[PDB]
2 protein chains.
Amino acid sequence: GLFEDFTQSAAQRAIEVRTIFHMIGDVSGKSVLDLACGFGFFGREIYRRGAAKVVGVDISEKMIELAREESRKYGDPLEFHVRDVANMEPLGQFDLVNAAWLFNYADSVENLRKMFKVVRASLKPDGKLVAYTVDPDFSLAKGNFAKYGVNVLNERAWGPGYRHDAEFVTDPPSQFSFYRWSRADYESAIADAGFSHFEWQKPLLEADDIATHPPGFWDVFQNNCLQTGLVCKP
Amino acid sequence: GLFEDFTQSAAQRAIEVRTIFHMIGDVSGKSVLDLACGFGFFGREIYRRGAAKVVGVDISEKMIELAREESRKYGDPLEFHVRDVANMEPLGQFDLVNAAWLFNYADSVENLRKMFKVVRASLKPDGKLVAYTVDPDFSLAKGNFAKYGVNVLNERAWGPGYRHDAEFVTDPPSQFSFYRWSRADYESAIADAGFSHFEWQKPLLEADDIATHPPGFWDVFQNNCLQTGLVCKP
């Protein structure tokens, strides 16, 4: 119902969700910490798919308030917390940490490295991190993402990474500003946090995605993707 | 190129744009004030379609500064201003005022009434207002707008109208809050601002929209539409 409807309302969201659940795998019985949980609706789908416990964290008070009200209305058992994730103490030892659109909101590599250490401090030794973030290789000169609902307005060298302002296709227009840290700096953060295993995951563009759009539609998505998945394990 | 791509990136945005240009008509040679201009990109399309002069206003100086930078990079002649529209002084006498997602951000009927008077004070006697706002008849219980990228979370009585919190389908999730004022409150605002003519305009859902989504996709859009157009003339 709701999760399908929202996931299909944007061509790229369907690819995002499919890629994140590919990385996650079977979540039956697992404890999950969703570190940039928004209003909780991804966490509610993880719960629906069989997770034993789902805890969501976000920076925004007013959004966590709204997340808790949604769980009361649905009767689901999700637990929420407001935290500045880069500086939070552990909430528990989870089988899975999910971090969609967390790491690109680290506004310095110092904060990026802190976030990865927070993830490790929240994971069982046989747990894993599944993340969705900006592909380090995206370059605005190679193509904007407006076909896919994100009008990237600029690209500013920002210390060792780049900062981007973007317009989303919302009514009214809305602004998001995010960071594109390098693959080197991600992998350094990963290793220094104690993840001896990682893999980058290309978004799973599939045959049906291509059939429902005109010729050339996904070219920039493939040649200059803005997004990437990432899986890390101790 | 960019306008087409971005407009088609969300099914509802295509219907909105079609409906707004239907209300506007031929803009050749006209002066246009876009009273909730975002980053200026609708204004840039109105300019491309032949407007003589396009001026944008919105509430966020961060957005307006980004709008100005986009005009410098594209070389277009758009001019922008940060204003609280309900309290602004006139910027000139225009042929057209466009107001997409302005009036549903008035947090009181007093502010709604003030906005309409500001529109009149900005219009030549033979000009017109084209607007896009929340349909007074929307009811959350009759269907959420999540298929169309807008998860309306709640509905509460708010003076003589209703207030809604909503989640947009963006990466990450984004929040915003808007107001659903009654048809009678709008019509009294229109008439007391000195508009002796108005018409409400249904969003133009067309055969090709219906054919390119699954069966039933547009049911809630047609039976419980969140959006309406509005045209007013002195």
Side-chain angles (χ1 to χ4, degrees), chain A residues 144 146 151 153-154 165 167-175, chain B residues 1-8 13-14 16-86 88-103 105 115-133 195 201 229-234:
Chain A
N144 196 353
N151 173 24
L153 304 167
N154 58 39
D165 295 301
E167 167 184 21
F168 286 1
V169 65
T170 55
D171 300 311
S174 59
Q175 183 188 153
Chain B
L2 173 76
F3 182 83
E4 299 169 44
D5 286 349
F6 204 56
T7 296
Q8 301 302 309
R13 175 65 76 87
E16 169 181 355
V17 166
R18 181 186 308 129
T19 306
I20 289 171
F21 278 118
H22 171 78
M23 296 188 282
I24 289 174
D26 189 357
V27 80
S28 295
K30 292 193 175 183
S31 49
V32 182
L33 175 64
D34 195 24
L35 272 185
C37 66
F39 302 87
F41 286 102
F42 188 73
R44 287 181 187 94
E45 179 62 13
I46 299 177
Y47 182 69
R48 190 191 69 78
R49 294 190 190 211
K53 187 177 188 189
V54 177
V55 175
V57 174
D58 215 313
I59 189 78
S60 164
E61 186 158 8
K62 199 168 52 178
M63 192 169 298
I64 285 301
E65 279 289 286
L66 281 168
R68 290 170 173 150
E69 178 52 28
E70 294 299 297
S71 282
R72 184 202 65 76
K73 290 183 303 193
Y74 287 117
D76 69 63
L78 270 67
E79 292 169 10
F80 293 96
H81 306 279
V82 185
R83 303 289 191 264
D84 170 16
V85 164
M88 76 175 212
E89 295 304 318
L91 283 175
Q93 304 300 302
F94 292 79
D95 295 309
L96 170 67
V97 172
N98 184 66
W101 306 115
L102 174 71
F103 295 119
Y105 288 91
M115 287 178 179
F116 273 95
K117 283 182 179 81
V118 162
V119 175
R120 181 68 192 87
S122 308
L123 269 177
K124 297 181 197 183
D126 61 347
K128 71 180 174 191
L129 167 63
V130 171
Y132 218 68
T133 193
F195 296 102
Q201 169 72 56
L230 168 72
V231 179
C232 302
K233 297 192 183 168

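The sequence lines fix the lettering, A, B, ..., with proteins before strands; numbering per chain opens at 1.
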>> As an exercise, state the distance from CZ of B/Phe94 to NZ of B/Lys30, rounded to the nearest 0.5 Å.
In response: 13.5 Å
> Rounded to the nearest 0.5 Å, how far apart are OH of B/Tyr132 and CE of B/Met23?
Replying inline: 6.5 Å
> Do you see a donor-acceptor pair shorter than 3.5 Å between the side chains of B/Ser28 and B/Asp26?
Replying inline: yes
> Got a sec, which residues hit ring pair (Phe, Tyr, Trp, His ring centres under 6.0 Å) with B/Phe6, two or more places apart in sequence or on another chain?
Replying inline: none
>> Checking B/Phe21 now: which residues fulfil ring pair (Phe, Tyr, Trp, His ring centres under 6.0 Å) with it, not counting sequence neighbours?
In response: B/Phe42
> Just by distance, do the side chain of B/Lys73 and the backbone of A/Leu153 share a donor-acceptor pair under 3.5 Å?
Replying inline: yes
> Could you go step by step and tell me if B/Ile59 and B/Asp84 meet the side-chain contact (heavy atoms from CB on, under 4.5 Å) rule?
Replying inline: CA-CA 6 Å; B/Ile59 189 78; B/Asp84 170 16; 4.2 Å; yes
Apply salt bridge (charged side-chain N to carboxylate O under 4.0 Å, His left out) to [X] and list each qualifying residue two or more places apart in sequence or on a separate chain.
X	result
B/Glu45	B/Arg48, B/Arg49
A/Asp171	B/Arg13
B/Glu4	none

For the residue pair [X] and [Y], what are the closest heavy atoms and their distance?
X	Y	result
B/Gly38	B/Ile64	O-CD1, 4.4 Å
B/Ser71	B/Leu78	OG-CB, 3.6 Å
A/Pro173	A/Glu167	CB-OE2, 3.7 Å
B/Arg68	B/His81	NH2-CA, 3.9 Å
B/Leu2	A/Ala146	CD1-CB, 3.5 Å
B/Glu16	B/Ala100	OE2-CB, 4.4 Å

Can you find a pair of side-chain heavy atoms, one from [X] and one from [Y], that are under 4.5 Å apart?
X	Y	answer
B/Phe195	B/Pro234	yes
A/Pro172	B/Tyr105	yes
B/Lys128	B/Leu96	yes

> Should the pair B/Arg44 and B/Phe41 be classed as cation-pi, given the thresholds of under 6.0 Å to the six-membered ring centre and 45° from the axis?
Replying inline: yes
> Would you find more than 12 non-hydrogen atoms of other residues, nucleotides or ligands less than 6.0 Å from B/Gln93 atom CD?
Replying inline: yes
>> Can you confirm whether B/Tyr47 is buried at OH, in the sense that more than 12 heavy atoms of other residues, nucleotides or ligands lie under 6.0 Å from that atom?
In response: no
>> Please evaluate residues B/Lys53 and B/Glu79 with respect to the criterion side-chain contact (heavy atoms from CB on, under 4.5 Å), reporting the C-alpha separation (whole Å), side-chain torsions for both, the decisive distance (0.1 Å), and the verdict.
In response: CA-CA 9 Å; B/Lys53 187 177 188 189; B/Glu79 292 169 10; 3.6 Å; yes
> Would you call B/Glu69 and B/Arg72 a salt bridge, taking side-chain N to carboxylate O under 4.0 Å as the test?
Replying inline: yes
Less than 3.5 Å apart, which donor and acceptor atoms pair up between the side chains of residues 117-126 of chain B and the rest of the protein, not counting sequence neighbours?
unit_1	atom_1	unit_2	atom_2	d
B/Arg120	NH1	B/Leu123	O	3.0
B/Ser122	OG	B/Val118	O	2.8
B/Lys124	NZ	B/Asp95	OD1	2.8

> Would B/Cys37 and B/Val55 count as a side-chain contact (heavy atoms from CB on, under 4.5 Å) if you check the C-alpha gap in whole Å, the side-chain angles of each, and the deciding distance to 0.1 Å?
Replying inline: CA-CA 9 Å; B/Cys37 66; B/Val55 175; over 6 Å; no
> Given the rule in the side-chain contact (heavy atoms from CB on, under 4.5 Å) test, do B/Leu66 and A/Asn154 qualify, once you have shown the distances and angles that lead to the verdict?
Replying inline: CA-CA 9 Å; B/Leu66 281 168; A/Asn154 58 39; 3.8 Å; yes
